[PDB]
Each structure stands twice: as structure tokens, then as C-alpha cells.
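Accompanying notes for the structure given below.
When reading the values below, keep in mind they use all heavy atoms of this one structure, side chains included, and skip hydrogens, waters and symmetry mates. Quick note on labels: first sequence line is chain A, next is B, and so on, each numbered from 1.
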Amino acid sequence: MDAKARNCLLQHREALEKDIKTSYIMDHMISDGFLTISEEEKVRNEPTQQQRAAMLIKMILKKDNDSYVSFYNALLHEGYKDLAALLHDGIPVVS
Amino acid sequence: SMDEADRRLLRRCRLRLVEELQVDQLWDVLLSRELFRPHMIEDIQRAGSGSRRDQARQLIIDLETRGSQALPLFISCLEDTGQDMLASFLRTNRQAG
């Protein structure tokens, strides 16, 4: 993805991991077609939600620009307003 | 076994499904129609927090592994459970071919 996108993620990946719950976000990204079932199970299989978030984010970082917007929309749609706000800097399109 | 069209359909429809699926009365129909085997059914019911959503999510993920008739069989269970709108949506989509 874009430099600013990938970097915006990295800049806030810690605050994200410390708060976000992956299941609802993966439901969105799966529906959007930006996350696969296998990828989803690798994330779900993680022992703690911080690692699941960490794995998701790890995956999204190697993804295209549309996945950055899918993750951003999911966060908003799921109530993670402040964290979506922090990522607005990185590219946000759609909402 | 389950083709890409049906797998893709279950993916693009993830939200609608996990938001709408009612599993309480499905258990016996999934068993009665042999869509899933008794041990998988319990795995699904015990998925995550065991919440309706977590169960519904695990159900539709496992569905990909049940063969070519997994979807139409799933649709039949939905119908005998009275989940007509959900069954209708899925049918219209597979029939749109």
C-alpha cells in the first residue's frame, strides 16, 4: 500500500492492538473481500486479542490500498472512532 | 468439493449472515440432513464465547468444507427453520446464473 498508509498503520499499530477486537473487523474485511478465511483463522488462532490484532495488522500492512480503507471503515462501523480518526491521516476514502 | 462460486458467495455475504443467522433451531436440521457431523456441530456451538454470532460465524466457515451440496443443503435447513428471507437471498444469488 501507499507509504503514508503503511506508515500511518505502523505509527498507530500499538494503540490499535491494545483496543480493537478482530472478529467483527474480520467479518467486514471478509465481506469486502480483503481478507481470506485462512488469514482469518491464523489471526483467530492467536492466544490473546493483542496478538490477533497484531496478526491482522501484520497482514493488512502487506495488502493493497483498498484494504487500508476496508480496515478503516470497519473500525468506524464498529465504534473505534478515535482509532479510525488517527488513521484518517493515512488515506481514508469511503467511511 | 464446494465450488468457488459458493465459497465466494459465503465470503461476500459474511456480514448479512453473521448478523441474521438464528442457530438455536438449526442444530437438529444440520444433523438430520447430515450437513455437518455431530462432533462439528458441537464445535460450532462452542465457538468463541458461544454467542449466537460466534456460532453463526463458525457455522458458515465450516460450511466451505462440506462439499458441493453444502450450500443448497444449508438453504434447505434455513427454510425448514423458517428463515425465509435469508434462504431467499442466498437462493436468488446462486440462481443468478
Side-chain angles (χ1 to χ4, degrees), chain A residues 19-46 49 52-53 55-57 59-60 66-67 69-80 84 94-95, chain B residues 2-31 33 35-36 40-67 70-94 96:
Chain A
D19 295 292
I20 75 171
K21 292 187 173 185
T22 55
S23 38
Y24 292 79
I25 291 173
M26 297 194 280
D27 285 329
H28 277 105
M29 297 196 69
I30 289 291
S31 300
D32 298 347
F34 297 117
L35 191 71
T36 64
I37 300 297
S38 48
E39 281 174 2
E40 179 186 38
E41 49 98 33
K42 306 187 187 76
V43 174
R44 177 87 293 118
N45 281 149
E46 303 292 339
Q49 200 55 269
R52 300 178 179 132
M55 177 60 104
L56 220 200
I57 299 171
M59 302 176 137
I60 297 167
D66 288 355
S67 312
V69 172
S70 178
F71 181 44
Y72 168 82
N73 292 346
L75 287 158
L76 273 174
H77 287 304
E78 292 302 337
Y80 300 103
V94 200
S95 39
Chain B
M2 182 191 257
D3 64 21
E4 183 58 279
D6 291 338
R7 306 175 89 102
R8 198 190 289 304
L9 196 244
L10 291 179
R11 293 198 305 282
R12 311 311 308 300
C13 298
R14 172 63 119 263
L15 267 164
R16 173 184 286 277
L17 284 166
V18 303
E19 281 172 359
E20 304 186 23
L21 242 209
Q22 299 310 301
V23 293
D24 282 4
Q25 312 298 129
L26 255 198
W27 306 138
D28 287 348
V29 194
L30 299 170
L31 291 162
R33 281 180 187 278
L35 173 52
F36 291 110
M40 186 169 268
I41 293 304
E42 58 191 62
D43 285 345
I44 284 166
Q45 311 171 155
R46 305 191 286 241
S49 57
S51 61
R52 194 223 89 241
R53 191 178 177 114
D54 285 345
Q55 298 176 319
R57 188 184 301 110
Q58 197 55 241
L59 196 163
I60 68 174
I61 293 163
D62 291 334
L63 205 49
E64 286 191 5
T65 62
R66 308 302 306 163
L71 233 181
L73 200 51
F74 177 53
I75 302 186
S76 285
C77 302
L78 242 28
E79 294 161 343
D80 54 40
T81 296
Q83 298 175 254
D84 310 323
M85 283 163 158
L86 218 196
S88 194
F89 181 77
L90 290 171
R91 269 193 189 285
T92 309
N93 272 296
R94 299 189 83 241

For a 4.5 angstrom cut-off between non-hydrogen side-chain atoms, does [X] reach [Y]?
X: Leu90(B); Y: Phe74(B); answer: yes
X: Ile20(A); Y: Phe71(A); answer: yes
X: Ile25(A); Y: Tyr80(A); answer: yes
X: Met2(B); Y: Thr65(B); answer: no
X: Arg66(B); Y: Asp62(B); answer: no
X: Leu30(B); Y: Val23(B); answer: no

Distance check, rounded to the nearest 0.5 Å: [X] atom [atom1] versus [Y] atom [atom2]?
X: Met55(A); Y: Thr22(A); atom1: CE; atom2: OG1; answer: 11.0 Å
X: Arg11(B); Y: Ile37(A); atom1: CZ; atom2: CD1; answer: 6.5 Å
X: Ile61(B); Y: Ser38(A); atom1: CD1; atom2: OG; answer: 11.0 Å
X: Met26(A); Y: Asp32(A); atom1: CE; atom2: CG; answer: 14.0 Å
X: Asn45(A); Y: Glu40(A); atom1: CG; atom2: CD; answer: 10.5 Å
X: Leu56(A); Y: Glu39(A); atom1: CG; atom2: CD; answer: 9.0 Å

Is it the case that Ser70(A) and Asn73(A) place a side-chain donor and acceptor less than 3.5 Å from each other? no
Do other residues, nucleotides or ligands put more than 12 heavy atoms under 6.0 Å from the CD atom of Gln25(B)? no
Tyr24(A), OH atom: more than 12 neighbouring heavy atoms under 6.0 Å: no
Restricting to non-hydrogen atoms, name the atom on [X] and the atom on [Y] that form the minimum distance, rounded to 0.1 Å.
X: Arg44(A); Y: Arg52(A); answer: NH2-CD, 3.2 Å
X: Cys77(B); Y: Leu35(B); answer: SG-CD2, 4.4 Å
X: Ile30(A); Y: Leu35(A); answer: CD1-O, 3.1 Å
X: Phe36(B); Y: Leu59(B); answer: CZ-O, 3.6 Å

Apply side-chain contact (heavy atoms from CB on, under 4.5 Å) to [X] and list each qualifying residue two or more places apart in sequence or on a separate chain.
X: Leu31(B); answer: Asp28(B), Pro38(B), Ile41(B)
X: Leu76(A); answer: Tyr72(A), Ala84(A), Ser95(A)
X: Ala47(B); answer: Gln58(B)

Stepwise, does the side-chain contact (heavy atoms from CB on, under 4.5 Å) test hold for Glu79(B) with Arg91(B)? CA-CA 11 Å; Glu79(B) 294 161 343; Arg91(B) 269 193 189 285; 2.7 Å; yes
Before accepting this row, confirm whether a basic side-chain N of the pair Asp80(B)/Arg33(B) lies closer than 4.0 Å to the acidic partner's carboxylate O.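 Salt bridge: yes.
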Test your reading of the model: is there a side-chain donor-acceptor pair from [X] to the backbone of [Y], 3.5 Å cut-off?
X: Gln55(B); Y: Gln45(B); answer: yes
X: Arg12(B); Y: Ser31(A); answer: yes
X: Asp54(B); Y: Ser49(B); answer: yes
X: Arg94(B); Y: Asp6(B); answer: no

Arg53(B) meets the side chain to side chain donor-acceptor pair (under 3.5 Å) criterion, sequence neighbours left out, with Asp27(A)
Show which side-chain atoms of residues 15-22 of chain B pair as donor or acceptor with protein atoms under 3.5 Å away, not counting sequence neighbours.
unit_1   : atom_1 : unit_2   : atom_2 : d
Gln22(B) : NE2    : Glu20(B) : O      : 2.9

Sequence-distant partners of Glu78(A), salt bridge (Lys or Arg N to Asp or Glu O under 4.0 Å), two or more places apart: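 Scan of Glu78(A) (salt bridge (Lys or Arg N to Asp or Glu O under 4.0 Å), adjacent residues dropped) gives none.
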